[PDB]
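Protein chains in written order, with the numbering used here: chain A, 14 to 511; chain B, 20 to 862; chain C, 16 to 121. Here's the structure we're looking at; comments come further down.
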Amino acid sequence: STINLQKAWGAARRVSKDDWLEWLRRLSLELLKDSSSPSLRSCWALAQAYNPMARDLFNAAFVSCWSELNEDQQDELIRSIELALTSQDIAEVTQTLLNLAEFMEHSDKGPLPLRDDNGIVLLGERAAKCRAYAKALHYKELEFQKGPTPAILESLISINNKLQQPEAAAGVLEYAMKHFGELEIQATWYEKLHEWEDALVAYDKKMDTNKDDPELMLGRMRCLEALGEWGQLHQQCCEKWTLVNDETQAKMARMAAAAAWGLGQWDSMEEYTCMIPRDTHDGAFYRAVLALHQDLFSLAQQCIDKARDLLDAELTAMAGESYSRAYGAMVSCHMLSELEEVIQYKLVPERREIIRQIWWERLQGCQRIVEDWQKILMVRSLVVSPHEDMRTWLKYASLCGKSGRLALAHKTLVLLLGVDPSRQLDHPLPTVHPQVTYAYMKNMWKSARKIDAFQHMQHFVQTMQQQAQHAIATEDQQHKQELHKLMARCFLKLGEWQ
Amino acid sequence: XXXXXXXXXXXXXXXXXXXXXXXXXXXXXXXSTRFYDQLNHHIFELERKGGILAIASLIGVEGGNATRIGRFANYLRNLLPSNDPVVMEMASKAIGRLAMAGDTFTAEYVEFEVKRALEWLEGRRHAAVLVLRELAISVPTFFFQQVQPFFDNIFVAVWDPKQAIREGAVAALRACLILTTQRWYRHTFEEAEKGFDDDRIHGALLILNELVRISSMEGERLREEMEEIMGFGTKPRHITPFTXXXXXXXXXXXXXXXXXXXXXXXXXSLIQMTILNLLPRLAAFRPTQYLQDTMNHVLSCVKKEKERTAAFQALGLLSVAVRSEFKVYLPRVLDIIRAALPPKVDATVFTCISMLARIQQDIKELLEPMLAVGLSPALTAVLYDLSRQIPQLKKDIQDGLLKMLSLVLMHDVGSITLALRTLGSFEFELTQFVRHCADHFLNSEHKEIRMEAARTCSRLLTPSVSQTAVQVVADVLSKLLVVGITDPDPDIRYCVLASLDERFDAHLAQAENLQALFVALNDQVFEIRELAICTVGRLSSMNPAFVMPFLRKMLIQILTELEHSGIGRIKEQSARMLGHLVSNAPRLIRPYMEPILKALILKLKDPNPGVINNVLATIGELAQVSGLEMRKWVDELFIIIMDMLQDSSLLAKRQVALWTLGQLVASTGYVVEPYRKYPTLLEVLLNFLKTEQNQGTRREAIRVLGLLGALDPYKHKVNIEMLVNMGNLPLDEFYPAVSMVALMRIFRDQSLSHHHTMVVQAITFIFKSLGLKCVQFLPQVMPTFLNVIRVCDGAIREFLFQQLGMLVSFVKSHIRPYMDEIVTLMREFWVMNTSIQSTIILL
Amino acid sequence: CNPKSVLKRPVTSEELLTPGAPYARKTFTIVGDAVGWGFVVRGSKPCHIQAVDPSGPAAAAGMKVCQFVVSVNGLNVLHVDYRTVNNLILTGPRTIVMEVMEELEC
Ligand SMILES: O=P(O)(O)O[C@H]1[C@H](OP(=O)(O)O)[C@@H](OP(=O)(O)O)[C@H](OP(=O)(O)O)[C@@H](OP(=O)(O)O)[C@H]1OP(=O)(O)O
């Protein structure tokens, strides 16, 4: 009772999906026929006509057989199991054999020994391509327990990010810091963890000692665009163009255009966007943006449709494995449909205040991540200066503060105020746009300039109450109601600060 | 249509037969299945051209199906072994149309034809060649599956003494080597040069040319263009309407070709034709000894006849490739052209004179015979493209060309057709002509003259301040409107009406023209009616005092036909008509939006697909026009659309469903809140991405995920045992438990209705092998097993009662709790039927 | 440092105008695309081509970076600003007729 089995093992002449699926079906039914326990052997006839029955008894048939085999047949089997996973792997066959390996771990018999170490390396790699990230993690943790290596830690980090567990990945970096120090920690690890401040420090330390390399340049530029330091990012571009190859050129322009757009230099942006490949989502998006800058409405819509077409591949892949992975694509679709509502905003003066209200309600449903907000606000800034909509950029400044990026929060608020109070320390704060000024003071308090903040607040409230009294007419009643709602919050801050 | 369908079948069996095959294809566009298979079989066995016309046309339109593929495959497999010419190429076209259908059997059908084509490699050999050529064009992937057999068998079969194979098999090698270059070359050059060392000439020259031609498209792109011979700044409408080896062998490809062309200069018409095609493309790769062997064959073939057409095409490529050195043979070529033209073939001569410029002041003297040849579509295409590339005397070109047209139009039928096509194709500088053209169209009984003279005048009125000129334009356009109303031939009426563009709206807005246009809104042809109601809606800004009362009357009538006519077609046409008003007259419709929208929602809650599709396209167009006044009705509209999106049962297309939903979310500004109200929205819209195959639809399904915003993942979370069995038990218990669990799953639902006997037998054998330990499983087995006996039918009943008896014999005393139900079962299903009585008595 | 300059040749005025010698003129007719032509002209006096998309239609039909243009869609633009040419190409038809200086490796 091991001739047909050994044919099904050492066949390996399968060059399609249904061929391996046929191998599975023949394997399962031969295990049922073999199976010593007659309760399983009786189900063989049903399993033939109906496939679900064969698959539900797969793990039980296997254990029954694998226990009977006198070691030699187990090696014949295990060798065939190794070959099937390693070569000509089919998703459906794999996740069957992964569920078999997991069932075997929970069994008293113990895990099947494949290619030494019970295949802790093979089954992990296979579960990763199956996108079974919890199995991948379990197996990668078993490998870590046996020994700690930098490669293992890297893979552990990437597994955690795919599984939407940011805190665990951060813990892996803390382990690396203690036991390996700093040299073993690559900058890419910070990049994966969204530690853009520490990644820039790492890329600066690396680019000082080691000679400048394409890889470390793009890594540091990627950190600068995530932080939003468009000044430094555009300086690195202008300095290094002829010094760079055409392969890195295509990996550069996507970041160089973002920097030019941020600074508002449209000539530079046109040069960079042409260097971006058309096949990429971003290449279509940035061409569609330079369309709306030049009022090429007809071409913009064309470019947007190709952009959606190229986002097909991304949206489908991410949606397959949880909504959380699909969020990145969802933000891309957000920006595409916002570019459609910039064409309307530039064509319909009657629609303007409606569009702004829609924009405001949409941004509040979107997640409070600063990267996502910066993207969206940069798009809307194509036709709406920050002064024409304060509340958007104030809520933005709030997020920057609470996410521990007070430098960006400060820049944002200075841009809204109109001048720098930081420079003119002796002067009083400007009273025009009082909601902005108030936000600046409560930022200054968080920056531990709390004696100065308190003094500014006393000056401001005296100004407010005098600006109310003298300007109170019957006309401005909604304005007066907003001015009192402000003054009230000012008085409360005064108290708690005192 | 049965009797009449077989009547027109023999009529198409015995121009007229192509118009009946196009009518049968048009009848298949709207549209039993057995009678169409019998009617196809009736035409098949009888004649063979009409049978191929019946097979291929139906499969493409009615759609390939497993039934239709299995049947018609036998018909196609019978025709190929032995057939006549012409019918064979029609049957090969029916293969190409079947192979591009995009069905699951296409993989089998294509590889069946390809494998049998390799077996052959004369109605057998040329059939396999036509199969391989069309499959190489239509299906590159499965054609690439057998490339090593392809080259080896074909380099043997090509060099057999045949002409039809040499024409097609080299074109198959063309389709193959293009796919190889974009992604063999040594095996091609070896077998080609072996063949060169008069049947073995014109094939080798084409193979060497393939390495030259594919490596350099510059030679082919001139021939490809001569064989065939809006704006980005426009503002979109505010309401969106619904929608190496070939370079290192190329030198040997010309060296082994500049000898064949010099040797086989006049051996065994066909060889000279392929030589004069290849020689210029080889010279365009690398131009003096190579030129002298080319020039001797080309120049000698120009003086001769039956080649003069292809000779100038080769000569035009040679003139562009060899720039300076060709200038020596200018007096020879130009003397032959000056001798060739006086007889009036020369339609190509002008095309190549255009490629000669593609220059000197001598051409000015060359114009006086050129124009004296006569009006041809090549000549005026040349002189137009001549003034494009070399605009040295564009004024002198138009002077002579208008003088030619004036001599013509001062003075049979097909020439007047082409003379009007000329007069209306490209720009010109025409008042008397048009007032005389106002006489010709009225006083011509020829449909094609009227239809072309209409196309011409509508094109020639693009220059549209002196009062007399306005009164003339007003007169002509009044005559045109009269023709557009009164002409019997609706094609002529459609052309004229379609030609009254935005350009004329200054004239159409005149009182007299508007009184005509109103009459036109009651035209017999719905399409003209649509186009007329669009024009009046577009003019509602120019003269609203007149237009708005009339569109109101029309709106009432449209909504009357919608609500009160109980007919699919009329209602479908009425919605479409209401469509054109919303888009073209949004100001008029805005005050009446709440009445219209209530009428449309009532149509959506009525218990034909095209009616619902046009109603959805109108509601979508109303969204943008409403301008935030439709918010109150947003909730009702959303519920209806969501009910219709889920499932494919609904006749209405998902595309327009998703499009109108887009337009509502966009204009009304319902964002984030719809996600809370309808939580399955994100599950519906991510299901289309895994189901829909259309691009347009997938684009909308994305554009709607865009407008609705990107929901935070947490906000979406708010908006929304077998291993355990083994974890506990020992294995000897586990195996029954897992067997039982697996059998119980199948037991419930209609799965049992198929695997009834098998499931029941397994459960019994398990209980017998266990003994009295099966008592454990009783509470699982019994309630299901009893409900199975209740709802089982026919023969299965008896078997179940037999197996229940076995069960009871094993369970013994433990069956007491369920005994009461069993008795009730027996009491209900005891009948005088002898069979069940013996069964129950045993139980 | 905000502008970028990729042209080695400092000035070509009064050198192109002279017939013959360093270059041989060629006319390249470029058809529009769904996403754009993909070329940029940033020459003050001569309007030299700034960059070309390698995957775009222009790169397929020659159109190398180191080139100079003097006429677009018929109109001669030998002496105009680069920005003015950018207005003409956008306001013109989808298909653009372009003349490239195409210096012969000198
Ligand atoms: O961070 P805080 O100092 O406690 O300030 C909060 C915070 O305002 P910011 O937008 O400046 O951060 C709240 O906003 P959230 O981040 O929680 O959304 C805001 O609440 P609203 O968003 O409802 O306006 C609230 O304002 P209020 O006191 O009117 O409820 C305001 O408090 P203070 O102005 O008193 O500091």
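By construction, the Cβ of each residue, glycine as well, lies at the ideal position given by its N, Cα and C atoms.
- Secondary structure remark: continuous alpha helix (DSSP H) runs of at least 4 residues inside the segment 109-157 of chain B, in chain order: 125-139 and 144-157.
- Minimum Cα-Cα distance from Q795/B among the listed residues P755/B, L805/B and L819/B corresponds to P755/B.
- Taking the beta carbon of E374/A as reference, the chain B residues within 7 Å of it are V690 and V691, listed in sequence order.
- Using a Cβ-Cβ cut-off of 7 Å, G252/B counts as an interface residue toward chain C, since at least one Cβ of chain C sits closer than that to its own.
- DSSP places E89/A within a helical segment (H, G or I) once states are collapsed to three.
- Comparing alpha carbon positions, the residue from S435/A, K388/A and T450/A closest to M403/A is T450/A.
- For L22/C, there are no C-beta contacts with chain B under 9 Å, since the nearest C-beta of that chain is about 27 Å from it.
- Any Cβ of chain B closer than 7 Å to the Cβ of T110/C would place that residue at the interface, and such an atom is absent.
- Proximity of chain B to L360/A at the Cβ level (cut-off 9 Å) is accounted for by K254, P255 and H257, in chain order.
- In this structure, ligand 1 has a non-hydrogen atom nearer than 6 Å to the beta-carbon of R502/A.
- Annotation for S411/A indicates a beta carbon within 6 Å of some heavy atom of ligand 1.
- Runs of the alpha helix (DSSP H) spanning 4 or more residues and lying entirely within the segment 219-295 of chain A occur at 227-240, 243-252, 259-276 and 279-288, in chain order.
- For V85/C, no CB of chain A lies under 7 Å from its own CB, so it is not counted at the interface with that chain.
- The secondary-structure analysis by DSSP pairs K41/C across a beta bridge with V115/C.
- The Cβ-Cβ distance between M66/A and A74/A does not fall below 7 Å.
- Less than 7 Å divides the Cβ of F766/B from the Cβ of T803/B.
- Put simply, the backbone Cα of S76/B is about 10 Å away from that of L117/B.
- The bridge partners DSSP lists for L90/C are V87/C.
- Taking the Cα positions, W52/C is about 38 Å away from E334/A.
- Judged by DSSP secondary structure, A642/B falls outside any beta strand (DSSP E) and instead within the alpha helix (DSSP H) spanning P628 to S645.
- Looking at the DSSP output, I64/C shares a beta bridge with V56/C.
- Spanning the alpha carbons of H63/C and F298/A requires a straight line of approximately 27 Å.
- Distance from the CA of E244/B to the CA of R440/B, rounded to the nearest whole angstrom, comes to 21 Å.
- When Cβ-Cβ separations below 7 Å define contact, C413/A makes no contact with chain C.
- Secondary structure note for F766/B: its alpha helix (DSSP H) is the uninterrupted segment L750 to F766.
- Around the Cβ of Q712/B, a 10 Å sphere holds fewer than 16 other Cβ atoms; the residue is exposed.
- About 6 Å separates the beta carbon of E549/B from that of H599/B, a gap short enough to meet the 8 Å contact definition.
- Scanning its chain for C-beta atoms nearer than 6 Å, with the 5 sequence neighbours on each side dropped, one finds around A340/B the residues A302, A303 and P306, in chain order.
- Taking C-beta separations shorter than 6 Å and ignoring five residues to either side along the sequence, the partners of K41/C in its chain run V115 and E117, following chain order.
- Around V401/B, the same chain offers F369, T370, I372 and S373 as residues with beta carbons nearer than 8 Å, after the five sequence neighbours per side are excluded.
- Contact residues of the segment 232-252 of chain B toward chain C are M249, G250, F251 and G252 (C-beta to C-beta distance below 9 Å).
- In this structure, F445/B is the residue among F445/B, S463/B and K181/B with its C-alpha nearest to the C-alpha of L479/B.
- Along the segment 293-306 of chain A, the positions whose C-beta sits under 7 Å from a C-beta of chain C are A297 and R300, read in chain order.
- The residue from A97/A, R68/A, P434/A and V445/A with its alpha-carbon nearest to that of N456/A is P434/A.
- At least one beta carbon of chain A lies nearer than 7 Å to the beta carbon of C16/C.
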